[PDB]
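Okay, model-v9.pdb is below, PDB, C-alpha atoms:
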ATOM      1  CA  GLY A   1      93.855 120.625  73.578  1.00  0.00           C
ATOM      2  CA  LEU A   2      96.900 122.714  74.513  1.00  0.00           C
ATOM      3  CA  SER A   3      98.915 124.422  71.790  1.00  0.00           C
ATOM      4  CA  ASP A   4     102.632 123.783  71.399  1.00  0.00           C
ATOM      5  CA  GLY A   5     103.316 127.175  72.981  1.00  0.00           C
ATOM      6  CA  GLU A   6     101.099 126.319  75.984  1.00  0.00           C
ATOM      7  CA  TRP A   7     102.815 122.941  76.548  1.00  0.00           C
ATOM      8  CA  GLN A   8     106.188 124.724  76.417  1.00  0.00           C
ATOM      9  CA  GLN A   9     104.990 127.127  79.135  1.00  0.00           C
ATOM     10  CA  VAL A  10     103.740 124.170  81.238  1.00  0.00           C
ATOM     11  CA  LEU A  11     107.078 122.332  81.115  1.00  0.00           C
ATOM     12  CA  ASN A  12     108.990 125.581  81.755  1.00  0.00           C
ATOM     13  CA  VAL A  13     106.942 126.131  84.951  1.00  0.00           C
ATOM     14  CA  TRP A  14     107.452 122.476  85.851  1.00  0.00           C
ATOM     15  CA  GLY A  15     111.220 123.128  85.740  1.00  0.00           C
ATOM     16  CA  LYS A  16     110.681 125.275  88.838  1.00  0.00           C
ATOM     17  CA  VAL A  17     108.992 122.416  90.700  1.00  0.00           C
ATOM     18  CA  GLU A  18     111.745 119.977  89.739  1.00  0.00           C
ATOM     19  CA  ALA A  19     114.444 122.077  91.434  1.00  0.00           C
ATOM     20  CA  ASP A  20     112.721 121.184  94.731  1.00  0.00           C
ATOM     21  CA  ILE A  21     110.212 118.403  94.214  1.00  0.00           C
ATOM     22  CA  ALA A  22     109.894 117.501  97.911  1.00  0.00           C
ATOM     23  CA  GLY A  23     109.431 121.141  99.035  1.00  0.00           C
ATOM     24  CA  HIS A  24     106.767 121.757  96.428  1.00  0.00           C
ATOM     25  CA  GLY A  25     105.060 118.400  97.130  1.00  0.00           C
ATOM     26  CA  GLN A  26     104.942 119.070 100.851  1.00  0.00           C
ATOM     27  CA  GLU A  27     103.486 122.565 100.419  1.00  0.00           C
ATOM     28  CA  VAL A  28     100.862 121.277  97.969  1.00  0.00           C
ATOM     29  CA  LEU A  29      99.668 118.548 100.315  1.00  0.00           C
ATOM     30  CA  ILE A  30      99.689 120.881 103.337  1.00  0.00           C
ATOM     31  CA  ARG A  31      97.664 123.460 101.339  1.00  0.00           C
ATOM     32  CA  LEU A  32      95.193 120.679 100.396  1.00  0.00           C
ATOM     33  CA  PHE A  33      94.862 119.231 103.919  1.00  0.00           C
ATOM     34  CA  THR A  34      94.565 122.570 105.736  1.00  0.00           C
ATOM     35  CA  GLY A  35      92.117 123.975 103.179  1.00  0.00           C
ATOM     36  CA  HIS A  36      90.060 120.755 102.979  1.00  0.00           C
ATOM     37  CA  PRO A  37      90.482 118.594 106.118  1.00  0.00           C
ATOM     38  CA  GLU A  38      88.186 115.920 104.651  1.00  0.00           C
ATOM     39  CA  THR A  39      91.057 115.068 102.242  1.00  0.00           C
ATOM     40  CA  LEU A  40      93.371 114.241 105.170  1.00  0.00           C
ATOM     41  CA  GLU A  41      90.843 111.609 106.353  1.00  0.00           C
ATOM     42  CA  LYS A  42      91.419 109.628 103.141  1.00  0.00           C
ATOM     43  CA  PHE A  43      94.998 108.888 104.317  1.00  0.00           C
ATOM     44  CA  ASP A  44      95.189 106.478 107.248  1.00  0.00           C
ATOM     45  CA  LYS A  45      98.896 107.307 107.533  1.00  0.00           C
ATOM     46  CA  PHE A  46      98.380 111.098 107.809  1.00  0.00           C
ATOM     47  CA  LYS A  47      95.274 111.137 110.072  1.00  0.00           C
ATOM     48  CA  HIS A  48      97.598 111.466 113.073  1.00  0.00           C
ATOM     49  CA  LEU A  49      98.720 114.886 111.769  1.00  0.00           C
ATOM     50  CA  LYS A  50      96.707 117.288 113.908  1.00  0.00           C
ATOM     51  CA  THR A  51      98.616 120.545 113.464  1.00  0.00           C
ATOM     52  CA  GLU A  52     100.271 122.165 110.501  1.00  0.00           C
ATOM     53  CA  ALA A  53     103.567 121.966 112.450  1.00  0.00           C
ATOM     54  CA  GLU A  54     103.178 118.195 112.610  1.00  0.00           C
ATOM     55  CA  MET A  55     102.523 118.159 108.855  1.00  0.00           C
ATOM     56  CA  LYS A  56     105.597 120.337 108.272  1.00  0.00           C
ATOM     57  CA  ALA A  57     107.798 118.006 110.374  1.00  0.00           C
ATOM     58  CA  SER A  58     106.512 114.788 108.764  1.00  0.00           C
ATOM     59  CA  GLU A  59     109.157 113.249 106.515  1.00  0.00           C
ATOM     60  CA  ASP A  60     106.566 110.708 105.305  1.00  0.00           C
ATOM     61  CA  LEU A  61     104.286 113.521 104.078  1.00  0.00           C
ATOM     62  CA  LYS A  62     107.190 114.988 102.138  1.00  0.00           C
ATOM     63  CA  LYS A  63     107.847 111.518 100.720  1.00  0.00           C
ATOM     64  CA  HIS A  64     104.216 111.250  99.542  1.00  0.00           C
ATOM     65  CA  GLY A  65     104.551 114.730  97.999  1.00  0.00           C
ATOM     66  CA  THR A  66     107.573 113.507  96.036  1.00  0.00           C
ATOM     67  CA  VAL A  67     105.606 110.480  94.826  1.00  0.00           C
ATOM     68  CA  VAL A  68     102.628 112.575  93.717  1.00  0.00           C
ATOM     69  CA  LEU A  69     104.544 115.333  91.908  1.00  0.00           C
ATOM     70  CA  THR A  70     106.870 112.782  90.258  1.00  0.00           C
ATOM     71  CA  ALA A  71     103.819 111.032  88.794  1.00  0.00           C
ATOM     72  CA  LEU A  72     102.196 114.308  87.736  1.00  0.00           C
ATOM     73  CA  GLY A  73     105.455 115.468  86.143  1.00  0.00           C
ATOM     74  CA  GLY A  74     105.626 112.264  84.114  1.00  0.00           C
ATOM     75  CA  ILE A  75     102.046 112.812  82.953  1.00  0.00           C
ATOM     76  CA  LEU A  76     102.665 116.457  82.014  1.00  0.00           C
ATOM     77  CA  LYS A  77     105.746 115.556  79.962  1.00  0.00           C
ATOM     78  CA  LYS A  78     103.434 113.411  77.787  1.00  0.00           C
ATOM     79  CA  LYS A  79     101.653 116.596  76.619  1.00  0.00           C
ATOM     80  CA  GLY A  80      98.231 114.979  76.789  1.00  0.00           C
ATOM     81  CA  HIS A  81      99.263 111.550  75.411  1.00  0.00           C
ATOM     82  CA  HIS A  82      98.882 110.136  78.895  1.00  0.00           C
ATOM     83  CA  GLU A  83      96.209 107.376  78.604  1.00  0.00           C
ATOM     84  CA  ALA A  84      98.618 104.669  79.888  1.00  0.00           C
ATOM     85  CA  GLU A  85      99.676 106.801  82.854  1.00  0.00           C
ATOM     86  CA  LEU A  86      96.145 107.894  83.806  1.00  0.00           C
ATOM     87  CA  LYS A  87      94.510 104.462  83.635  1.00  0.00           C
ATOM     88  CA  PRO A  88      96.030 103.049  86.875  1.00  0.00           C
ATOM     89  CA  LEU A  89      95.603 106.323  88.792  1.00  0.00           C
ATOM     90  CA  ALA A  90      91.947 106.619  87.813  1.00  0.00           C
ATOM     91  CA  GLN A  91      91.460 103.002  88.920  1.00  0.00           C
ATOM     92  CA  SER A  92      93.301 103.356  92.248  1.00  0.00           C
ATOM     93  CA  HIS A  93      91.761 106.716  93.112  1.00  0.00           C
ATOM     94  CA  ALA A  94      88.184 105.751  92.170  1.00  0.00           C
ATOM     95  CA  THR A  95      88.114 102.102  93.261  1.00  0.00           C
ATOM     96  CA  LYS A  96      90.615 101.846  96.122  1.00  0.00           C
ATOM     97  CA  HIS A  97      91.219 105.282  97.646  1.00  0.00           C
ATOM     98  CA  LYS A  98      87.656 106.521  96.954  1.00  0.00           C
ATOM     99  CA  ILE A  99      88.719 110.050  95.977  1.00  0.00           C
ATOM    100  CA  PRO A 100      85.915 112.222  94.493  1.00  0.00           C
ATOM    101  CA  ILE A 101      86.815 114.254  91.407  1.00  0.00           C
ATOM    102  CA  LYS A 102      86.171 117.379  93.542  1.00  0.00           C
ATOM    103  CA  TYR A 103      89.299 116.539  95.567  1.00  0.00           C
ATOM    104  CA  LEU A 104      91.328 116.470  92.327  1.00  0.00           C
ATOM    105  CA  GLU A 105      90.002 119.987  91.687  1.00  0.00           C
ATOM    106  CA  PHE A 106      91.147 120.986  95.195  1.00  0.00           C
ATOM    107  CA  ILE A 107      94.709 119.737  94.614  1.00  0.00           C
ATOM    108  CA  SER A 108      94.825 121.432  91.182  1.00  0.00           C
ATOM    109  CA  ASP A 109      93.983 124.747  92.851  1.00  0.00           C
ATOM    110  CA  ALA A 110      96.594 124.021  95.546  1.00  0.00           C
ATOM    111  CA  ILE A 111      99.286 123.548  92.872  1.00  0.00           C
ATOM    112  CA  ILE A 112      98.457 126.951  91.379  1.00  0.00           C
ATOM    113  CA  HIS A 113      98.510 128.555  94.805  1.00  0.00           C
ATOM    114  CA  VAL A 114     101.873 127.000  95.745  1.00  0.00           C
ATOM    115  CA  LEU A 115     103.439 128.107  92.425  1.00  0.00           C
ATOM    116  CA  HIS A 116     102.532 131.745  93.224  1.00  0.00           C
ATOM    117  CA  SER A 117     103.600 131.420  96.853  1.00  0.00           C
ATOM    118  CA  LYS A 118     107.057 129.936  96.136  1.00  0.00           C
ATOM    119  CA  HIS A 119     107.605 131.935  92.911  1.00  0.00           C
ATOM    120  CA  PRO A 120     105.920 135.345  93.518  1.00  0.00           C
ATOM    121  CA  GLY A 121     106.195 137.537  90.443  1.00  0.00           C
ATOM    122  CA  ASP A 122     107.789 134.646  88.513  1.00  0.00           C
ATOM    123  CA  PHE A 123     104.555 132.838  87.529  1.00  0.00           C
ATOM    124  CA  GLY A 124     103.145 135.044  84.808  1.00  0.00           C
ATOM    125  CA  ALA A 125      99.598 135.289  83.541  1.00  0.00           C
ATOM    126  CA  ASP A 126     100.389 133.249  80.414  1.00  0.00           C
ATOM    127  CA  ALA A 127     102.049 130.521  82.552  1.00  0.00           C
ATOM    128  CA  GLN A 128      99.064 130.328  84.914  1.00  0.00           C
ATOM    129  CA  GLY A 129      96.772 130.012  81.886  1.00  0.00           C
ATOM    130  CA  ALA A 130      98.837 127.153  80.434  1.00  0.00           C
ATOM    131  CA  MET A 131      99.325 125.268  83.745  1.00  0.00           C
ATOM    132  CA  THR A 132      95.588 125.615  84.461  1.00  0.00           C
ATOM    133  CA  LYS A 133      94.661 124.132  81.070  1.00  0.00           C
ATOM    134  CA  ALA A 134      97.081 121.228  81.594  1.00  0.00           C
ATOM    135  CA  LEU A 135      95.573 120.420  84.995  1.00  0.00           C
ATOM    136  CA  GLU A 136      92.030 120.652  83.587  1.00  0.00           C
ATOM    137  CA  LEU A 137      93.009 118.248  80.801  1.00  0.00           C
ATOM    138  CA  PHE A 138      94.262 115.805  83.448  1.00  0.00           C
ATOM    139  CA  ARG A 139      91.033 116.198  85.456  1.00  0.00           C
ATOM    140  CA  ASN A 140      88.818 115.828  82.375  1.00  0.00           C
ATOM    141  CA  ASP A 141      90.606 112.642  81.328  1.00  0.00           C
ATOM    142  CA  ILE A 142      90.413 111.151  84.850  1.00  0.00           C
ATOM    143  CA  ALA A 143      86.729 112.152  84.992  1.00  0.00           C
ATOM    144  CA  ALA A 144      85.921 110.154  81.866  1.00  0.00           C
ATOM    145  CA  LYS A 145      87.404 107.076  83.534  1.00  0.00           C
ATOM    146  CA  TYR A 146      85.488 107.803  86.739  1.00  0.00           C
ATOM    147  CA  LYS A 147      82.272 107.894  84.713  1.00  0.00           C
ATOM    148  CA  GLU A 148      83.171 104.574  83.080  1.00  0.00           C
ATOM    149  CA  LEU A 149      83.612 103.097  86.601  1.00  0.00           C
ATOM    150  CA  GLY A 150      80.370 104.739  87.872  1.00  0.00           C
ATOM    151  CA  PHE A 151      82.318 106.466  90.607  1.00  0.00           C
ATOM    152  CA  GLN A 152      80.969 109.215  92.802  1.00  0.00           C
TER     153      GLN A 152
END
Translate this file's structure into structure tokens.
Amino acid sequence: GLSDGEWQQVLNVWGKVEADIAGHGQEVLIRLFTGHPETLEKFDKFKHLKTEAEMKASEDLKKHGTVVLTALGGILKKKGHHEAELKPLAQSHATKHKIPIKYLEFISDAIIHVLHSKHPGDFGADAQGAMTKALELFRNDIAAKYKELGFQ
């Protein structure tokens, strides 16, 4: 339930991310892992990352960041018509990776934080409002699939 104006703000902000998808992806995941170390335990391949320096130096972490933000970008460009894109991610995250919805809230908050940090004074109040609604829409739509699967 975003307006046309709100979707336009979302995809304008997303333009910023696309100019450096790997840099943004890395900073999001580092923000998530340092803020919520339980999220790092869900990745067998990042458990070895003890320090933030190790995270920063990890080319594989940056690669995962690219994968995640590429997928999210695809979803956002559907402007809420994203059932086909969400279905497999709900299934993998609930059934295989065992990711509680709470951790999706954590990464949503990390995206907002990273946008301010990399674009200080260039991520206006209207843009934060619109990006927040988009990310809540994503979370709400994943949550419905989690409930269908009985996932906690």
Top pick for closest residue to residue A:93, considering A:81, A:42, A:16, A:36 and counting all atoms listed in the file: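 Checking each of A:81, A:42, A:16, A:36 against residue A:93, counting all atoms listed in the file, the winner is A:42.
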Any chance you could resolve the PyMOL selection byres ((chain A and resi 24) around 10) against this file and give the residues as number ranges by chain? A: 16-23, 25-30, 62, 65-66, 69, 111, 114-115, 118
Between atom CA of residue A:91 and atom CA of residue A:71 - distance in Å to one decimal: 14.7 Å
Local residues around (88.7, 109.6, 92.7), at most 10 Å away, using all atoms listed in the file, as a list in words: residues 89, 90, 91, 92, 93, 94, 95, 96, 97, 98, 99, 100, 101, 102, 103, 104, 142, 143, 145, 146, 151 and 152 of chain A
Among the residues A:2, A:74, A:57, A:135, the one that comes closest to residue A:110 [using all atoms listed in the file]: A:135
What is the distance, in Å and to one decimal place, between atom CA of residue A:31 and atom CA of residue A:112?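 Pair atom CA of residue A:31 / atom CA of residue A:112 returns 10.6 Å.
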Which residues fall under the PyMOL selection byres ((chain A and resi 126) around 12) in this file, as a PyMOL selection string? chain A and resi 5-10+12-13+122-125+127-133
